[PDB]
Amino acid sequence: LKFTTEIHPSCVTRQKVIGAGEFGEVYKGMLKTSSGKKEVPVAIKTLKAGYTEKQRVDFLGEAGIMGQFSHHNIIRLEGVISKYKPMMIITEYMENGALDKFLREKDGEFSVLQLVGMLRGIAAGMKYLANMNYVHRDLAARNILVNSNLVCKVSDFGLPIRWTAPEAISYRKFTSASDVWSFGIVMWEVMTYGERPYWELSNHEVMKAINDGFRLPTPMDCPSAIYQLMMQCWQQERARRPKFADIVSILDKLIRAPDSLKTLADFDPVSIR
């Protein structure tokens, strides 16, 4: 297993709170590295006093998982503070935060090519994860982070019906192929600027629609090839779904011949006459 750096508390400064929970908080801060020669912005997640053994195992387990990975589209672990309390996980700082929230605050502002490029990055991260024999099980735009350069990184590895493939819902059969289903939902989240999958439907109503063969309709301004790809991610029979390598390849081919993205899937209308 790859080595997780134990960071000395004197090397970490917390500057601003960016989120809080029952278990602890997430801060923006700075990390001194390379034995004082380098300083980088970081995110810092804490586990505050009173945490249980299960909470510790999950908390440091996520750091141990993250530390195994070295990929452009996976959040980088700087290290952990475990010898002192409160314990901390320290990652690179992603300036634009969670992808779903980011897109909802930037509705309509990106090009189709930019959105497809975000999906290519997420797909490359997922291909890496799956190849490393990791199943994410909770892939959703809320677990993707975005930096100032619009690079998207798979970010939350702690482990939600409407992102989950039918065989994972009904049989707990979580695999890379059920992650591919989830990726298809993420494609829809991105192309809609963070719409809620299935809108007002309840979890039971989503299960009803999907098992009857219903699938999410096309986003507005969505290339036909992109809608076709997310539909293939939602094949009921998992063996018929693309592998992440197929997804990355298809997205690459579309980006390299961008006029291919100008053929749009029909956005089915509300009658205004």
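One rule holds for the numbers: they count along the sequence shown, beginning at 1. Rigid core: the largest C-alpha set superposing within 1.5 Å between the two forms.
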Checklist line | Greater root mean square CA deviation, 167-175 compared with 78-86 in 9 other deposited structures of this protein, core aligned | finding: 78-86
Margin query: Which of the two stretches, 102-110 versus 87-95, has its Cα atoms farther on average from this form in 9 other deposited structures of this protein when everything is superposed by the rigid core?
Written below: 87-95
Next item on the list: Please confirm whether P219, modelled here, goes without coordinates in at least one third of the other compared entries that cover both its neighbours.
Entry: no
Check: For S34, do at least a third of the other compared PDB entries give no atomic coordinates?
Finding: yes
Check: How much of the deposited sequence is absent from the coordinates between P269 and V270: none, 1 to 3, 4 to 9, or 10 or more residues?
Finding: 1 to 3
Item checked: Residues of the deposited sequence left unbuilt between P160 and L159 -> 10 or more
Item checked: Higher-B stretch (mean Cα B-factor, as the entry records it), 72-80 or 184-192 -> 72-80
Margin query: Comparing average C-alpha B factors as deposited, tell me which of 248-256 and 8-16 sits higher.
Written below: 8-16
Next item on the list: Choose from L60, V42, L216, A225 the residue with the greatest Cα B-factor as stated in the PDB record.
Entry: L60
Checklist line | Options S170, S111, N131, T164 - largest CA temperature factor per the record | finding: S170
Note to self: Among the modelled residues of this chain, does the Cα B factor of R142 put it in the lowest, middle or highest third?
What the structure shows: middle
Check: For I210, does the deposited CA B-factor place it in the lowest, middle or highest third of the chain?
Finding: middle
Check: Which third of the chain holds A239 when residues are ordered by C-alpha B factor: lowest, middle or highest?
Finding: middle
Margin query: For the chain shown, is the CA B-factor of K85 in the lowest, middle or highest third of its modelled residues?
Written below: highest
Next item on the list: Sort the modelled residues of this chain by their C-alpha B factor and say whether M220 lands in the lowest, middle or highest third.
Entry: middle
